[PDB]
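Q: Quick one: this structure, given as C-alpha cells, is what I'll be asking you about.
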Amino acid sequence: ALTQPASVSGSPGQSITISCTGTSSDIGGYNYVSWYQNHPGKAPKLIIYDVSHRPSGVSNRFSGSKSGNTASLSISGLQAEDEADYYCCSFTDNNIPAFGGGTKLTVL
Amino acid sequence: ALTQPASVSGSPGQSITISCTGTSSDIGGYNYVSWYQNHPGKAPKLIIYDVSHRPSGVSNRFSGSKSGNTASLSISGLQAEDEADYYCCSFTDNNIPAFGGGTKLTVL
Amino acid sequence: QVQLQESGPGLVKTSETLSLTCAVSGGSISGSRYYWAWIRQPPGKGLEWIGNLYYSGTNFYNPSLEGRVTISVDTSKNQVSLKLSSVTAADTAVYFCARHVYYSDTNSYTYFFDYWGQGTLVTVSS
Amino acid sequence: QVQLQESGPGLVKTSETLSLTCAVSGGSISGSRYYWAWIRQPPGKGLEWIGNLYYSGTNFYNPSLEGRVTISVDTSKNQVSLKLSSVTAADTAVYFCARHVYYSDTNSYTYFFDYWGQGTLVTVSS
Amino acid sequence: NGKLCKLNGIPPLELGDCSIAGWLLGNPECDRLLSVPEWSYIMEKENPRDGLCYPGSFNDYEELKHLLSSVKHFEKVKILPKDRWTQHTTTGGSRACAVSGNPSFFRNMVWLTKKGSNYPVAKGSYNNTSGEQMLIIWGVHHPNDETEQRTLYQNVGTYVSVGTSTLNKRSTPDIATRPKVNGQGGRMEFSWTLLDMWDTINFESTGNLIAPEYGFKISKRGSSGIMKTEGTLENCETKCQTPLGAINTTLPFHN
Amino acid sequence: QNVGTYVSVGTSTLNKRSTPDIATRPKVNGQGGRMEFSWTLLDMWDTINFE
Ligand SMILES: *[C@@H]1O[C@H](CO[C@@H]2O[C@@H](C)[C@@H](O)[C@@H](O)[C@@H]2O)[C@@H](O[C@@H]2O[C@H](CO)[C@@H](O)[C@H](O)[C@H]2NC(C)=O)[C@H](O)[C@H]1NC(C)=O
Ligand SMILES: *[C@@H]1O[C@H](CO[C@@H]2O[C@@H](C)[C@@H](O)[C@@H](O)[C@@H]2O)[C@@H](O[C@@H]2O[C@H](CO)[C@@H](O)[C@H](O)[C@H]2NC(C)=O)[C@H](O)[C@H]1NC(C)=O
Ligand SMILES: *[C@@H]1O[C@H](CO)[C@@H](O)[C@H](O)[C@H]1NC(C)=O
C-alpha cells in the first residue's frame with residue numbers, strides 16, 4: 001500500500017498539497033499515478049491520471065506531479081466543496097493496482 | 001397471443017370449424033400456422049403445420065387454411081374421439097412462437 | 001421416432017427454484033433444424049411457451065417469463081433442462097419439453113412443435 | 001457514458017458466501033483496453049482492491065483476499081459478479097464495481113479507474 | 001486505328017469505372033451491368049473505382065478473372081431468392097454502399113442479420129439443374145468489435161460452412177479493430193466456387209453470412225481476354241485489338 | 001498466464017489472426033518449441049495494428 005497523510009487542512013482560497021509516498025516498485029517506476037476525490041455517500045471520482053493529467057470535466061484547480069517515490073496532489077483555490085477523502089493509486093512491478101491509505105481534506 | 005373461440009360444438013358426422021385470429025405480425029405475415037390436438041392427460045399432438053399440411057399418421061378429416069389474419073381448423077366427419085382442446089400456433093415478427101388461448105371442442 | 005421424457009420434483013416451495021430435466025432418446029439434441037422448447041400448461045389454461053434452447057446459438061425466452069428463466073444442456077446425458085427462479089403459485093403447471101422444428105427437410109423454413117414428452121406436473125406451494 | 005450499477009444482499013451471515021452483481025449499461029463489458037474491477041471500502045477505511053475480471057485472459061485478485069474470491073461474467077445479461085467465501089465481520093464494506101483502463105486511446109499504456117458504480121453496502125453478521 | 005473496336009463483330013464488355021468484383025457482387029454504382037449481353041472481350045479500367053464498396057477482400061480473385069476470360073456470355077440465375085429467408089432480416093446494409101444517402105448493399109448478395117433478437121441457423125441449398133456449370137459467390141463479415149457482432153447477430157461464436165461434392169470450407173469471423181476503409185473498421189471477405197452440373201451446394205451459418213441470391217451460368221465459353229484501358233467503344237470492327245487501337249494487316253510482324 | 005490465446009495483426013489490406021499450436025515436437029537447437037515469423041509491407045500513410 002502507499003502512504004498518505006491521515007489528514008490535511010487549510011483555509012478557503014489557499015493552495016493545499018496532499019502527498020503520497022511509495023517505493024521504486026509502484027510510484028518511482030511508473031508514471032501511472034492517479035488520484036480520486038471521494039465525498040461521503042458517493043463513489044470515488046477520478047480527478048487525476050498519468051501523474052498530472054485531468055479527465056474532461058475536472059476543475060483546473062487540480063494538478064499533480066511526482067519526484068522520486070513521492071507523488072503529489074495540488075489543490076489551488078481551496079473551496080468548501082473540496083472537503084473529501086483523497087486517494088492515490090499507482091501501478092506496480094507486481095501487475096496489480098496499489099492504493100494509498102487515504103487523506104481527509106478539511107476546509108476551514 | 002392469438003384469439004380462439006373458447007368453445008365450439010357440433011353433432012357426430014358434422015363438419016365443424018375452429019377459428020384463430022391474430023394480427024399481420026403473426027398469422028398474416030407468414031404461412032407458418034400449426035394446430036394441435038390435446039386430449040386430457042396427454043401431451044399435444046401435432047395435427048396441422050404450414051397452414052394446411054398434415055403429419056404422417058394424421059387423419060384426412062383434418063384440414064386448414066387462412067385468410068387475412070384469420071386461420072382456420074376444419075374437422076369433417078366429427079367423431080366422439082375428437083373431443084379435445086385445440087390450439088393454434090404461429091410464427092411472428094418477433095422471432096418467438098405465439099400460441100392461442102385454446103378452443104374446447106365438444107361432440108354432441 | 002425420438003422419445004422425450006420429463007422428470008423432476010412434483011413440488012417446489014414458494015420462492016425456491018424449480019428444476020426440471022428432459023431426457024432425449026432415439027435422436028440427438030444437436031442439430032441445425034431444431035430448438036428444444038419448454039412449454040407449460042397451468043390447470044384450466046392453454047399452452048404457454050417458456051423458452052428455447054439453441055444448442056449452437058443463444059437461448060431465448062418468453063419476454064414475460066424471461067428474467068426468471070434459464071435453459072441449459074448436458075451433452076453427456078443427452079438431456080436438456082429448465083430452471084425457474086422465485087417460483088410462485090402461478091407457476092403450477094404441467095411442464096413439457098418438445099422438439100421445435102424451424103427448418104424443413106425440403107430446403108425451406110417451417111415452424112412447428114413436432115415431438116412432445118408427456119409432461120410432468122409441478123405444484124408450487126407454501 | 002457507461003453506467004455501472006451494483007446490486008445484491010445488504011446482509012450476509014458469518015461463514016456464508018457473499019454474492020454481488022454489477023450491471024453494465026451504455027457500453028460493453030468486452031474490450032481490450034479494460035478490466036472490470038471490484039473495490040471495497042469498509043466503514044472508516046480507505047479503498048481496497050479485491051480483484052479484476054479479465055474477459056479475454058485470466059482473472060487476478062488481491063493476494064491477501066485471493067483464496068476466498070471468485071470473479072465471473074454473464075454475457076447474456078452484460079453483468080459481472082463477485083463472490084467472497086467464508087465471509088466475516090471484517091468483510092463489511094461498501095462494494096463497488098469499476099471500469100479499469102489499462103490501455104489508452106492514444107497508442108500507449110495507462111492505468112486508472114474511470115467509471116465507478118455508486119456501490120452497495122453489505123453487512124456481515126452473526 | 002486508335003480505336004477500341006468490336007472484335008469479330010461482337011462488342012466488348014465495357015465496365016466503365018467498375019471492377020470485376022464490383023460487377024459480379026452488384027456494387028450499387030454498377031447498375032448498368034446488371035443485365036449484360038454477350039461480349040467479345042472485357043474492357044476493365046486500370047485502378048477502377050466501383051469495386052468492393054464495403055471494404056474487404058476477394059479470395060482467388062486473379063483465378064476468377066482468368067476464368068472469366070474464356071467465358072463471354074453468362075446468365076444470371078436466381079438460386080436462393082431473398083424472400084426465402086424468413087425468420088431472418090434481409091434488409092441490412094451500410095452507408096459505405098449507400099444510394100442517394102440511404103444505406104444499401106451489393107445487389108446480388110443478401111446480408112443476413114438478426115430478426116427480432118434471434119439468428120436461427122441460416123440454411124439453404126441449390127441443385128445445379130441450370131444446364132451448365134455455375135459460378136457462385138458468397139462471403140463472411142468480419143466485425144470491428146464484439147458489440148457489432150452482437151448487434152448484427154445475436155450469436156458470437158459463429159461459423160459459416162459451405163460445400164459441394166468437391167468443396168469443403170468452414171470459416172469463422174475475425175473480430176478485430178482495423179484502420180477504416182470507406183469509413184468502416186470492418187471487412188467483408190468474398191470467395192467463390194464453380195458448381196458442377198447436377199451437383200448441389202449447401203450453405204449453413206450461425207452468423208456473419210453474406211449469401212448469394214444469384215449464381216452465374218456460363219453460356220458460351222469462347223476464347224477472349226481482359227484488356228486494361230481507359231477508352232470506350234468507338235463503333236468500328238476488327239480481327240486483332242491492342243489497347244492502343246485495332247490492327248488491320250496481313251504482315252507477319254507488328255510493333 | 002493466458003492459455004486460449006491469439007495474435008491479431010492488420011492493415012488496410014492485411015487481416016490475419018493466428019493461434020499457437022501447443023505440441024510436443026522433436027528438439028531443434030535444444031528446443032521442442034517453434035517460433036513462426038511472417039511479414040508484410042506497410043503502404044505509405046497506412047497503419048498497422050497489433051493485438
Ligand atoms: C439434383 O438434380 C438431379 C436431376 O434431377 C432431375 O432433373 C431435374 C431438372 C428435375 O426435373 C428433377 O425432378 C429430375 O429428377 C438429380 O439426378 C437424378 O436422380 C434420379 C434419381 O436417382 C435419376 O433417375 C436421374 O437419372 C438423375 N439425373 C441426372 C441428370 O443425373 C440429383 O439426384 C439431384 N441431387 C440431389 C442431392 O437431390
Ligand atoms: C496517419 O498519418 C497521416 C499523415 O498525418 C500527417 O503527417 C504526419 C507526418 C504528421 O505531421 C501528422 O500530424 C499530419 O497530420 C494521416 O493523414 C492526414 O490526415 C489529415 C486529416 O484527415 C489530412 O488533412 C492530411 O491531408 C492527411 N495526410 C496524408 C499524407 O494523407 C492519417 O490520417 C493517419 N492515419 C490514422 C489512422 O490516423
Ligand atoms: C481492312 O482493310 C480493307 C481494305 O484494304 C477493308 O475492306 C476491311 O474491311 C478492313 N478490315 C476489317 C478487319 O474489317
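Chains: A, B, ... in order of the C-alpha cells. Residues: from 1 per chain. Ligands: from 1, in order shown.
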Excluding residue 112 of chain D and any residue of its chain fewer than 3 positions from it, enumerate the residues within 9 Å of it, using only C-alpha atoms, and give them as a list in words.

A: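 Contacts, with the query itself left out: residues 32, 33, 34, 35, 46, 48, 49, 50, 89, 90, 91 and 97 of chain A; 99, 100, 101 and 102 of chain D.
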
Q: Excluding same-chain residues fewer than 6 positions from residue 13 of chain B, what lies within 9 Å of it counting only C-alpha atoms, as a short mmCIF file (atom, residue, chain, number, x, y, z; two decimals) with C-alpha atoms, in the first residue's frame?

A:
data_model
loop_
_atom_site.label_atom_id
_atom_site.label_comp_id
_atom_site.auth_asym_id
_atom_site.auth_seq_id
_atom_site.Cartn_x
_atom_site.Cartn_y
_atom_site.Cartn_z
CA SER B 76 -65.03 -33.07 -41.10
CA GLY B 77 -66.91 -36.18 -40.09
CA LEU B 78 -66.80 -35.17 -36.43
CA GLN B 79 -66.25 -38.17 -34.15
#

Q: What's the 12 Å shell around residue 67 of chain D, counting only C-alpha atoms, without same-chain residues fewer than 4 positions away, as a list in words?

A: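 Final neighbour list, sorted by chain and number: residues 50, 51, 60, 61, 62, 63, 71, 83, 84, 85 and 86 of chain D.
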
Q: For chain D against chain F, with a cut-off of 10 Å and counting only C-alpha atoms, what is the closest atom pair and its distance in Å to one decimal for every residue that makes the cut, ordered by chain and number, as JSON lines?

A:
{"residue": "D:32", "atom": "CA", "partner": "F:51", "partner_atom": "CA", "distance": 8.5}
{"residue": "D:54", "atom": "CA", "partner": "F:2", "partner_atom": "CA", "distance": 9.9}
{"residue": "D:56", "atom": "CA", "partner": "F:2", "partner_atom": "CA", "distance": 8.4}
{"residue": "D:57", "atom": "CA", "partner": "F:2", "partner_atom": "CA", "distance": 5.2}
{"residue": "D:58", "atom": "CA", "partner": "F:2", "partner_atom": "CA", "distance": 5.8}
{"residue": "D:59", "atom": "CA", "partner": "F:2", "partner_atom": "CA", "distance": 9.4}
{"residue": "D:107", "atom": "CA", "partner": "F:49", "partner_atom": "CA", "distance": 9.9}

Q: Between atom CA of residue 91 of chain E and atom CA of residue 49 of chain E, what is the spacing in Å?

A: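 According to the coordinates, atom CA of residue 49 of chain E and atom CA of residue 91 of chain E are separated by 25.0 Å.
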
Q: Just need the residues of chain E within 9 Å of chain D, counting only C-alpha atoms, so spit them out as a count of residues only.

A: 3

Q: Counting only C-alpha atoms and all ligand atoms, what residues are within 6 Å of ligand 3, given as number ranges by chain?

A: E: 237-239, 248

Q: Write out, as a tab-separated table (two decimals), in the first residue's frame, the residues just selected, with N, CA and C atoms.

A:
chain	number	residue	atom	x	y	z
E	237	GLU	N	-14.98	-2.17	-86.35
E	237	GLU	CA	-14.77	-3.62	-86.23
E	237	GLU	C	-13.36	-4.08	-86.54
E	238	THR	N	-12.90	-5.08	-85.79
E	238	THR	CA	-11.60	-5.68	-86.04
E	238	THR	C	-11.53	-7.20	-85.91
E	239	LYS	N	-10.34	-7.71	-86.19
E	239	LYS	CA	-9.91	-9.11	-86.04
E	239	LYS	C	-8.77	-9.33	-84.98
E	248	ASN	N	-5.36	-3.87	-88.59
E	248	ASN	CA	-5.86	-4.46	-89.83
E	248	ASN	C	-4.67	-4.66	-90.79

Q: Mind checking which residues fall within 7 Å of segment 17-25 of chain F, counting only C-alpha atoms, ignoring those fewer than 2 positions away in the same chain, and posting them as a ChimeraX atom specification?

A: /E:174 /F:5-9,15,27,32-33

Q: With N, CA, C and O atoms kept, could you save the residues just selected as an mmCIF file, in the first residue's frame?

A:
data_model
loop_
_atom_site.group_PDB
_atom_site.id
_atom_site.type_symbol
_atom_site.label_atom_id
_atom_site.label_comp_id
_atom_site.auth_asym_id
_atom_site.auth_seq_id
_atom_site.Cartn_x
_atom_site.Cartn_y
_atom_site.Cartn_z
ATOM 1 N N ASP E 174 -13.234 -12.996 -37.977
ATOM 2 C CA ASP E 174 -12.170 -12.434 -37.165
ATOM 3 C C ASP E 174 -12.569 -11.072 -36.659
ATOM 4 O O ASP E 174 -12.550 -10.092 -37.414
ATOM 5 N N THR F 5 -5.048 -18.252 -26.202
ATOM 6 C CA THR F 5 -4.553 -17.009 -26.756
ATOM 7 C C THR F 5 -4.660 -16.896 -28.255
ATOM 8 O O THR F 5 -4.848 -17.884 -28.966
ATOM 9 N N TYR F 6 -4.497 -15.666 -28.725
ATOM 10 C CA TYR F 6 -4.452 -15.341 -30.140
ATOM 11 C C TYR F 6 -3.532 -14.173 -30.374
ATOM 12 O O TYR F 6 -3.285 -13.371 -29.465
ATOM 13 N N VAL F 7 -3.077 -14.062 -31.617
ATOM 14 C CA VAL F 7 -2.307 -12.943 -32.120
ATOM 15 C C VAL F 7 -2.996 -12.372 -33.359
ATOM 16 O O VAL F 7 -3.179 -13.066 -34.354
ATOM 17 N N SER F 8 -3.342 -11.098 -33.326
ATOM 18 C CA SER F 8 -4.047 -10.447 -34.421
ATOM 19 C C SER F 8 -3.303 -9.257 -34.980
ATOM 20 O O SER F 8 -2.867 -8.362 -34.251
ATOM 21 N N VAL F 9 -3.065 -9.287 -36.285
ATOM 22 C CA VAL F 9 -2.339 -8.218 -36.954
ATOM 23 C C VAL F 9 -3.085 -7.725 -38.192
ATOM 24 O O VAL F 9 -3.581 -8.524 -38.989
ATOM 25 N N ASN F 15 -5.309 -8.865 -42.910
ATOM 26 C CA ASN F 15 -6.244 -9.272 -41.881
ATOM 27 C C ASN F 15 -5.880 -10.655 -41.390
ATOM 28 O O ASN F 15 -6.385 -11.643 -41.917
ATOM 29 N N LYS F 27 13.314 -31.981 -30.799
ATOM 30 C CA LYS F 27 14.067 -30.790 -30.487
ATOM 31 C C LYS F 27 14.993 -30.346 -31.593
ATOM 32 O O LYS F 27 15.701 -31.154 -32.192
ATOM 33 N N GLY F 32 11.985 -27.859 -28.032
ATOM 34 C CA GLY F 32 10.846 -28.585 -28.621
ATOM 35 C C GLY F 32 9.753 -27.637 -29.079
ATOM 36 O O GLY F 32 8.684 -28.036 -29.520
ATOM 37 N N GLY F 33 10.016 -26.370 -28.923
ATOM 38 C CA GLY F 33 9.117 -25.308 -29.289
ATOM 39 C C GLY F 33 9.484 -24.790 -30.662
ATOM 40 O O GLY F 33 10.563 -25.093 -31.187
#

Q: Just the residues within 10 Å of residue 100 of chain A, please, counting only C-alpha atoms, with nothing from its chain fewer than 5 positions along; format it as a PyMOL selection string.

A: (chain A and resi 1-5+20-22+35+86-90) or (chain D and resi 46-48)

Q: Generate a file of the selected residues that holds N, CA, C and O atoms, formatted as a compact mmCIF listing (two decimals), in the first residue's frame.

A:
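Output file selection17.txt is given in full below:
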# COMPACT_ATOMS: atom_id res chain seq x y z
N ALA A 1 0.85 -1.18 0.00
CA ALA A 1 0.00 0.00 0.00
C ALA A 1 0.89 1.24 0.00
O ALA A 1 2.09 1.14 0.32
N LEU A 2 0.31 2.40 -0.35
CA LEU A 2 1.00 3.70 -0.44
C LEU A 2 0.69 4.53 0.82
O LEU A 2 -0.39 4.39 1.42
N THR A 3 1.62 5.37 1.24
CA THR A 3 1.41 6.17 2.45
C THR A 3 0.94 7.59 2.17
O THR A 3 1.55 8.33 1.42
N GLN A 4 -0.14 7.98 2.82
CA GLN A 4 -0.69 9.31 2.66
C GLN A 4 -0.83 9.93 4.04
O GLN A 4 -0.88 9.18 5.02
N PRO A 5 -0.81 11.26 4.20
CA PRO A 5 -1.10 11.94 5.44
C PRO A 5 -2.48 11.54 5.85
O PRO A 5 -3.38 11.53 5.02
N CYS A 20 1.69 11.47 -1.35
CA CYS A 20 1.58 10.01 -1.39
C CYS A 20 2.96 9.41 -1.61
O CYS A 20 3.61 9.63 -2.64
N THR A 21 3.44 8.64 -0.65
CA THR A 21 4.79 8.11 -0.77
C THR A 21 4.78 6.60 -0.94
O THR A 21 4.19 5.86 -0.15
N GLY A 22 5.55 6.13 -1.92
CA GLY A 22 5.66 4.68 -2.17
C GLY A 22 7.11 4.26 -2.30
O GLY A 22 7.98 4.94 -1.72
N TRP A 35 -5.29 9.99 -8.98
CA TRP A 35 -5.92 10.44 -7.76
C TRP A 35 -7.42 10.48 -7.88
O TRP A 35 -7.97 10.86 -8.93
N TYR A 86 -9.19 11.96 -0.16
CA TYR A 86 -8.48 11.82 -1.41
C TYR A 86 -7.62 10.60 -1.38
O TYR A 86 -6.98 10.28 -0.37
N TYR A 87 -7.58 9.91 -2.50
CA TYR A 87 -6.79 8.70 -2.58
C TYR A 87 -5.83 8.72 -3.74
O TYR A 87 -6.19 9.21 -4.80
N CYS A 88 -4.65 8.12 -3.55
CA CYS A 88 -3.67 7.89 -4.59
C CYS A 88 -3.74 6.43 -4.99
O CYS A 88 -3.97 5.53 -4.17
N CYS A 89 -3.46 6.19 -6.25
CA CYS A 89 -3.36 4.85 -6.77
C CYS A 89 -2.28 4.80 -7.81
O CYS A 89 -2.09 5.74 -8.57
N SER A 90 -1.53 3.73 -7.84
CA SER A 90 -0.49 3.61 -8.84
C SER A 90 -0.31 2.19 -9.32
O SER A 90 -0.95 1.26 -8.83
N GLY D 46 -10.00 3.06 3.94
CA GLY D 46 -9.72 3.51 2.58
C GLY D 46 -10.20 2.50 1.56
O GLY D 46 -11.01 1.64 1.89
N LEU D 47 -9.71 2.60 0.34
CA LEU D 47 -10.15 1.74 -0.75
C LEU D 47 -9.26 0.53 -0.93
O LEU D 47 -8.06 0.66 -1.13
N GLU D 48 -9.86 -0.64 -0.86
CA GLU D 48 -9.15 -1.89 -1.04
C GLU D 48 -9.55 -2.59 -2.32
O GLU D 48 -10.72 -2.88 -2.55

Q: Nearest to chain A: which of D:23, D:80, D:94, D:65 is it, counting only C-alpha atoms?

A: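 The closest residue to chain A is D:94.
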
Q: Counting only C-alpha atoms and all ligand atoms, which protein, DNA or RNA residues come within 8 Å of ligand 2, given as a list in words?

A: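 Checking only C-alpha atoms and all ligand atoms against ligand 2 at 8 Å gives residues 179 and 180 of chain E; 45, 46 and 47 of chain F.
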
Q: Could you give me, as a PyMOL selection string, the residues within 6 Å of residue 117 of chain D, counting only C-alpha atoms and dropping anything in the same chain fewer than 6 positions from it?

A: chain D and resi 4-5+96-97

Q: Next, the residues of the selection above should be written as a tab-separated table (two decimals), in the first residue's frame with N, CA, C and O atoms.

A:
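Dumped to again29.tsv:
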chain	number	residue	atom	x	y	z
D	4	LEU	N	-22.69	2.12	-14.34
D	4	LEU	CA	-22.44	0.87	-13.65
D	4	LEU	C	-23.34	0.80	-12.43
D	4	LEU	O	-23.47	1.80	-11.72
D	5	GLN	N	-23.99	-0.33	-12.19
D	5	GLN	CA	-24.84	-0.42	-11.00
D	5	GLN	C	-24.75	-1.73	-10.25
D	5	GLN	O	-25.10	-2.80	-10.76
D	96	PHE	N	-17.95	-1.72	-4.61
D	96	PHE	CA	-18.08	-1.01	-5.86
D	96	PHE	C	-17.53	-1.83	-7.02
D	96	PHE	O	-16.56	-2.57	-6.84
D	97	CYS	N	-18.10	-1.63	-8.21
D	97	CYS	CA	-17.58	-2.13	-9.48
D	97	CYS	C	-17.02	-0.91	-10.23
D	97	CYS	O	-17.53	0.22	-10.11

Q: Enumerate, as a ChimeraX atom specification, the complete set of residues in segment 27-251 of chain E that a backbone-based DSSP assignment places in helix (DSSP H, G or I).

A: /E:28-33,61-67,82-84,146-152

Q: Could you list the protein, DNA and RNA residues that have any atom within 6 Å of ligand 1, counting only C-alpha atoms and all ligand atoms, and write them as a list in words?

A: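 I would give the residues around ligand 1 as residues 127, 129, 198 and 200 of chain E.
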
Q: Could you write out the selected residues, including N, CA, C and O atoms, as an mmCIF file, in the first residue's frame?

A:
data_model
loop_
_atom_site.group_PDB
_atom_site.id
_atom_site.type_symbol
_atom_site.label_atom_id
_atom_site.label_comp_id
_atom_site.auth_asym_id
_atom_site.auth_seq_id
_atom_site.Cartn_x
_atom_site.Cartn_y
_atom_site.Cartn_z
ATOM 1 N N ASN E 127 -29.390 -27.067 -56.193
ATOM 2 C CA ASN E 127 -29.090 -28.156 -57.125
ATOM 3 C C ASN E 127 -28.932 -27.561 -58.530
ATOM 4 O O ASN E 127 -29.862 -26.931 -59.049
ATOM 5 N N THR E 129 -29.330 -27.444 -61.918
ATOM 6 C CA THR E 129 -30.146 -28.019 -62.959
ATOM 7 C C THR E 129 -30.295 -26.997 -64.082
ATOM 8 O O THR E 129 -31.182 -27.112 -64.923
ATOM 9 N N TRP E 198 -25.310 -30.680 -62.187
ATOM 10 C CA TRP E 198 -26.062 -31.648 -61.409
ATOM 11 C C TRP E 198 -25.551 -31.829 -59.981
ATOM 12 O O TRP E 198 -26.031 -32.717 -59.277
ATOM 13 N N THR E 200 -24.801 -30.195 -55.961
ATOM 14 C CA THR E 200 -25.533 -29.355 -55.020
ATOM 15 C C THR E 200 -24.637 -28.593 -54.078
ATOM 16 O O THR E 200 -23.742 -29.166 -53.473
#

Q: Would you list the contacts of residue 79 of chain D as an MDAnalysis selection string, taking every protein, DNA or RNA residue within 6 Å and counting only C-alpha atoms, but skipping same-chain residues closer than 3 positions in sequence?

A: chainID D and resid 22:24 74

Q: Those residues you just picked out, can you put them in a file as a JSON list (two decimals), in the first residue's frame with N, CA, C and O atoms?

A:
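Saved as part19.json:
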[["chain", "number", "residue", "atom", "x", "y", "z"],
["D", 22, "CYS", "N", -22.85, -6.58, -10.70],
["D", 22, "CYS", "CA", -22.79, -5.26, -11.32],
["D", 22, "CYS", "C", -23.30, -5.30, -12.76],
["D", 22, "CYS", "O", -22.79, -6.04, -13.60],
["D", 23, "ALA", "N", -24.31, -4.50, -13.02],
["D", 23, "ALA", "CA", -24.84, -4.42, -14.36],
["D", 23, "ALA", "C", -24.15, -3.31, -15.08],
["D", 23, "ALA", "O", -23.94, -2.22, -14.54],
["D", 24, "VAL", "N", -23.82, -3.56, -16.34],
["D", 24, "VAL", "CA", -23.16, -2.56, -17.14],
["D", 24, "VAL", "C", -24.10, -2.12, -18.25],
["D", 24, "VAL", "O", -24.64, -2.95, -18.99],
["D", 74, "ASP", "N", -21.47, -12.73, -16.92],
["D", 74, "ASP", "CA", -22.66, -13.20, -17.61],
["D", 74, "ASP", "C", -22.94, -12.29, -18.79],
["D", 74, "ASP", "O", -23.41, -11.15, -18.66]]

Q: Check the smallest atom-to-atom distance from each of E:212, E:9, E:28, E:231 to residue 244 of chain E using only C-alpha atoms, then report the winner.

A: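 Between E:212, E:9, E:28, E:231, the residue approaching residue 244 of chain E most closely is E:231.
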
Q: Report the distance between atom CA of residue 6 of chain D and atom CA of residue 117 of chain E in Å, rounded to one decimal place.

A: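 Separating atom CA of residue 6 of chain D from atom CA of residue 117 of chain E is a distance of 26.1 Å.
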